[PDB]
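Shown below is the structure under consideration.
Should a chain be cited, it is by its letter among A, B, C, D, E, F, G, H, I, J and K, assigned in written order, with residues numbered from 1 in that chain.
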Amino acid sequence: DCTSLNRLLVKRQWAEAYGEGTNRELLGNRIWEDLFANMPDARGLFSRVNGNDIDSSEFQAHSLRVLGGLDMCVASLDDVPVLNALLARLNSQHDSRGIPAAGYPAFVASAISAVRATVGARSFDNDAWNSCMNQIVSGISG
Amino acid sequence: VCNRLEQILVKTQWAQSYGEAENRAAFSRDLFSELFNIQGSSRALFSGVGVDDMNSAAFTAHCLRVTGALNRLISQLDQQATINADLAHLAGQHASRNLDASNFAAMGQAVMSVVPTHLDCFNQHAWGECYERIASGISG
Amino acid sequence: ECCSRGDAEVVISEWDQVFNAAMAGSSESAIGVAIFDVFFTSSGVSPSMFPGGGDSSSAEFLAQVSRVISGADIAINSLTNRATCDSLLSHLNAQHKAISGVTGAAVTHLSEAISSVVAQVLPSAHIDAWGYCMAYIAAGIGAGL
Amino acid sequence: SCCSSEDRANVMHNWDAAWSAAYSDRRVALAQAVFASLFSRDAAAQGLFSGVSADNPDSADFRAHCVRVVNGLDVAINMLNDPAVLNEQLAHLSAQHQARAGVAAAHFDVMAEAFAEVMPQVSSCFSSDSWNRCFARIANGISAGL
Amino acid sequence: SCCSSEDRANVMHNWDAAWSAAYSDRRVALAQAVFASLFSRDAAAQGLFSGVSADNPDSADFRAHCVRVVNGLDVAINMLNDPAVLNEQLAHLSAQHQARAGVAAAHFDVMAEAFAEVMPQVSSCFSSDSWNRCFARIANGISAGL
Amino acid sequence: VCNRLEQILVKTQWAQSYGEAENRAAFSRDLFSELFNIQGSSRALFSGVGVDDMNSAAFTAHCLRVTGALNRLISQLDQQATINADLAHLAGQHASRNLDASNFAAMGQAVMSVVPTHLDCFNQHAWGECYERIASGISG
Amino acid sequence: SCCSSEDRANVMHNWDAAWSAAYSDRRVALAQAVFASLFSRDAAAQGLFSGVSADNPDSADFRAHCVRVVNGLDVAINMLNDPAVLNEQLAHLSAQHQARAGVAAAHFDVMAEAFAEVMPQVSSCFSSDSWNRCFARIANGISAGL
Amino acid sequence: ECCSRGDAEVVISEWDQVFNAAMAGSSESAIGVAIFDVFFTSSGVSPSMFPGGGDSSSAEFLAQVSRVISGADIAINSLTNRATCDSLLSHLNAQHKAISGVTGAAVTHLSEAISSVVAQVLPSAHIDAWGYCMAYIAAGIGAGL
Amino acid sequence: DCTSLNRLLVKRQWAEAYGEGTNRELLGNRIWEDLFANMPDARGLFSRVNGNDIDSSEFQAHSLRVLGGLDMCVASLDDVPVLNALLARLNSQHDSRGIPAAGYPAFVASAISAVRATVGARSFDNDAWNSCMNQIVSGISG
Amino acid sequence: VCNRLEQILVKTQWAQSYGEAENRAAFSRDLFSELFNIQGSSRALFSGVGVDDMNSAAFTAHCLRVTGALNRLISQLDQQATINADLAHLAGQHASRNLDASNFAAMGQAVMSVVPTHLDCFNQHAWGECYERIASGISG
Amino acid sequence: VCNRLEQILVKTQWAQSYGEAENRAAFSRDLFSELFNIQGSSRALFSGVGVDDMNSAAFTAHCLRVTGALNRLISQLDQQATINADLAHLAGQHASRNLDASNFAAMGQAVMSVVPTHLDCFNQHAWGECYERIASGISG
């Protein structure tokens, strides 16, 4: 799915949860802590950015690069031609890195849980968030 | 019933409780809300003045006419001949409305309910006698 | 607007200062009688039209005066809620349609007698706001009369 | 010059007010205008962007490049309240630009002009003075090495 | 007993709220009730008031006497915040009552009862305890000597 | 008199009006101040507990014992057998105190005077029935 | 009629103040009185409740039925601030009542009267006008279909 | 009342969060188009009744959608002043009396399409307050239709 | 156990944590999120009320029906004859639905954890809550 | 005239200045008050919508319809084909109203007068171009 | 251009907007910040007065000299011969500074941008005419 109305909703709630300044680090910590707890083998994928210490400056910069890329895709959800080009470039930064296919549904689940935790669960549209996040990661994975 | 001293006390506490401007309208709606809560059968008696919506202009206007009459009667509590004439006028108006003693007793209890909640001081003895004085003149 | 919220609020404040239940019944009768005196002279309406015949010593006429000034009091204190006040004036209007001899001019005279007596007992009264608000009250009571 | 605490608070607020993902059809217009100004002031610089279809600015390819570059600035601008993380990110950006043949430090001076031209036209409240100092704090971190 | 600062502030406020010259047809009703209670509790005391037509209570003569006596209390009650002046006034009232054959100190005890009976019926808020102590402070000043 | 629904309302309004800590003491003194204002002959009945000074510790303690008893009776209004036993105990205590019906009627009017002045909502109908229920059990 | 934002805030507060699980020996008294009033106004309706021992009102069976019905109202009343959830719940309640032979829409009109009779006697502060409109908003959702 | 001040205030707040001039024109068109899609299916009204024929790629229909949602926006933001809002709805009512094919049922369908789409883009919407206020707006626009 | 004093304590703390209005949904989310994390096969039992999306209107209504039933039992803890009848009816709504016996101790643990989280852990009486919750579910299960 | 960057700035400042709810009505009356203060001959053009009393519901409704149209045009400033179609629709409506260039120039100056008094930041260059863009489309 | 009535209005709104003490300095920096935002090519014209740092004492002093001149010109708006002489003096000073019409038009738009953001009331018609009056005298 991820309808035109869905994309407006996800854009609004993402900007709210992502936020400004150091609030972005608050959202990232929620994502990586959840992801590494659910999928502990994912931490080793980030050994070059010091995934053993997510509070380090090295990993926080990596985290904000990732969330920055997700923000960049979210903001372009209503601009599909540009989105497809953004995803194609992101794919080139992930291919043949040995990233397991399971990492992407796991990341989606952790990102949705963290946004849900930040903006509040009541009336949270999981169908809109899952379907639109799935359009993003299916362009990056594989 | 309701002597010259009690009249002053009741006139003083009424004017302070009844208030001014929109506070009279809120007071008057609360009075009839308590009446309906105390005697549910009384609500239907007011079907001709929009009792279906108690915040309506029509029902608020009826509540003000009633408390305004109470207001003018309490104002003349100390002029026995004037209030006797006015109470007789009100009795003639209420004679055809199929009211009984419990209707006025419920109204009295409603008055004893809402008036002191707008007061720091309230003498229910004086109010009991002076309300009885007024209602007895209207009940016929 | 005519009788604005500001106009209504000062009229209400001044009226209730001059006229409220804590005052003696004799004082309120003295004001209502004075209002009816001015009304009789400005309007030419026959005092025999009223119970007690205008005699200030008759308890029937003092009670009639109390009823009329009370109706004005109820409308005055409702001037900040036009919807409620319109309903009050409409009720009064219908009551006076059923009275032979009540004209729109006479209703205006009585409402003006109210303002003039108020400014006699309260010389600092906002007589413009009083004229505008009593004219609104008079127009509603005397609609079609 | 120094990007002060007051400078970065003002810049971050006014940047995020224009660049927020909550809005639509702003990022491309802004980012396209930036590179259009860059190419207007340094027509030779367009040759560096031949892998992203710079000769077809309304292509999805070039629009995505513009958005990608300027969102890189958004990421860095919002790191201004955690400069330890910002330093890591600027080093990361520096190493990527060092591996791009032809990217010189003077190019970032032209990029500063392009943002200095575009931002006053788009941001309701804009303090060019605070923007100049805080863009320099970021651009000097990237352009170090080249 | 002592008429405290709090006592006299409460009494003065509640007295003036009932006795104020701004109202009509209260003073006579109150003052008449006071002497009606006085005569009810000490029927012999009525003989002291033969010069003011005590046997015709609704006469202008007796109504004016009642108002005159009780307004004397109003004057003294409102002096409670200037006791140096109150002492002069009570001495003045004492000398007038000393020159009245038959006026005894025990009569003021009966007068206290009459006010203690009338005031709770007429004053919206009434603290009998504060009233008792501050009436005594005034009445003892008048009744001194007799 | 005083049904299960009215008991809940009275228990709710009493607990809110009576309050806690020193507010109970101020409430209790106000109750007896209103009693004395309504029936002056009742004041002398309390000469054994320092009624000469109503702010004294001795008279405040008596006022609290009385309202505390009212408090414990209202608490058990919904346990008919418990309050009946307690009211019988109170009746036996009051039997020797030379009290009459007007004393309890004045007390009732005092209760109806002070309770609503500490409330935004007050149902005098329910209070009239439930006070009658309590006082009738004590008056013998 | 419309159950306004102000209506449901007033109703929810005054309902929960009486129905809260924190208190004891209120729910049964209230719920029993509701059905006692229902049977008083529609004696035929008692036949619908033969599976819950309606002819023995003080049985645990019937007391539990009353509490079960009225707590169903508590669940719906507290959904008034999430009407999307309330609509699902009323549909759920409607389908259960549609499967009960004899349950007609006019019965809910009699149930409204029973609550309108019971609640003013039990709730310290009670606005019948707000209650009528918000009970109708819930009862019309249940009674739809029958 | 129906659409009380409390109802109106939350509807206004939620609507302007979803719909305001700072948003992209494409985003507002996407919402208006979605509203018209729901309206077409619930009402059965022919899209050819509108300029552009309901084609979301036609600039004539997107401008027609902008005009209709703007009229609803102007009425929504006036919900706290009933006198002003009644005047706005009366003007809209007269404009639609002069259009062959505008029924009171269709007007209700479009106002309900507004509420349903709002709750899709803003799932926390107070859908009861939305129903009450859009029904007030619909009743005024479709008076006599 | 679940003594007469225990029942007063549980009643007070339950009403506090359960609360009014949408606060009830806050408590439910705590319960179902904990239950489904500890016992993931329990989610499929709720496929008819959309247990895959606990934030949906369908599941929230179901959640508030359950919490409503628990509230109804909690409030009747000092009224044992009525409680026994309430539990008997609840049993009829759960029997032969194929609900595993393990779901009830799991639900009890999740409900206690959520109430504890809402009213605060300090001095929280776990013996009173476990024993009184066990009286409730032992009437429903089996 | 009025480029993609200026459109964003104008849309941002308009939404903030125009506001919500009754603030729109006060804004809209102020706009026409400034129009009448700048070009007195324009007031008579609005005799059909109760301009005799600018606080009337009728004239407030007209002021909102006008600013609401401005609001919907600014909203579509970034969708060139949509606003061009809408401006053509407005031009056809205004063609019969006997308006001239000074009427729209006065309106522009009124807009430049009221909008910045509800703003901390205002770019009159961008507003001059973008207002010209809108008004030129309506003036024919 | 700029009649005796408009002069009073502009003098009134200028004095209120320009303010006193440090508020003049903040106002003056904001004016040139808007100028630079509107016409970026104008910033380099001020390289001789520390425009590299707009909060510097040197650039603040230049901004005050400019707004102070605007202040003294508006003060003499109603003395035609005095301001004509002063504007001629300013024109002679600006003749060598390589300025064009767009520079003064951008300055005007900057003035129309910052002045109303410090005002509850602003008449852009009067300001347009009176600014044109001033700038035309300086532009030569």
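One rule holds for everything that comes next: a contact is a pair of C-beta atoms (placed from the backbone, for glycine too) under 8 Å apart; a residue touches a chain by one contact, two chains touch by 3 or more.
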Required minimum of steps from chain C to chain I, each step between chains that touch: 3
Partner chains that chain G and chain J have in common: H
Chain whose Cα centroid lies at the greatest distance from that of chain J: E
Chain nearest the global centroid, as defined over all protein CA atoms shown: H
Rounded Å distance, chain E centre to chain G centre (Cα mean): 62
Between chain H and chain J, centroid-to-centroid distance (C-alpha), Å: 22
Mean-CA-position distance for chain G and chain A (Å): 47
Per-residue overlap in chain I, given as positions that touch at least 2 other chains: 22, 25
Overlap residues in chain J, where contacts from two or more other chains coincide: 12, 16, 78, 120-121, 123
Sites on chain D at which at least two other chains make contact: 24-26, 121
Of all residues in chain F, those that touch chain E in their complex: 33, 36-38, 40, 43, 53-55
Chain E - residues contacting chain C, complex: 23-26
Of chain F, residues touching chain G in the complex: 3-6, 8-9, 12-13, 16, 78, 120-121, 123, 126
Chain J to chain K touching residues, read off their complex: 34, 37-38, 106, 109-110, 112-114, 116-117, 119-125, 128
Partner chain G, residues of chain I touching it in the complex: 11-12, 14-16, 18, 20-22, 24-25, 57-58, 60-61, 64-65, 68, 71-72, 74-76, 78-79, 81-82, 84-86, 89
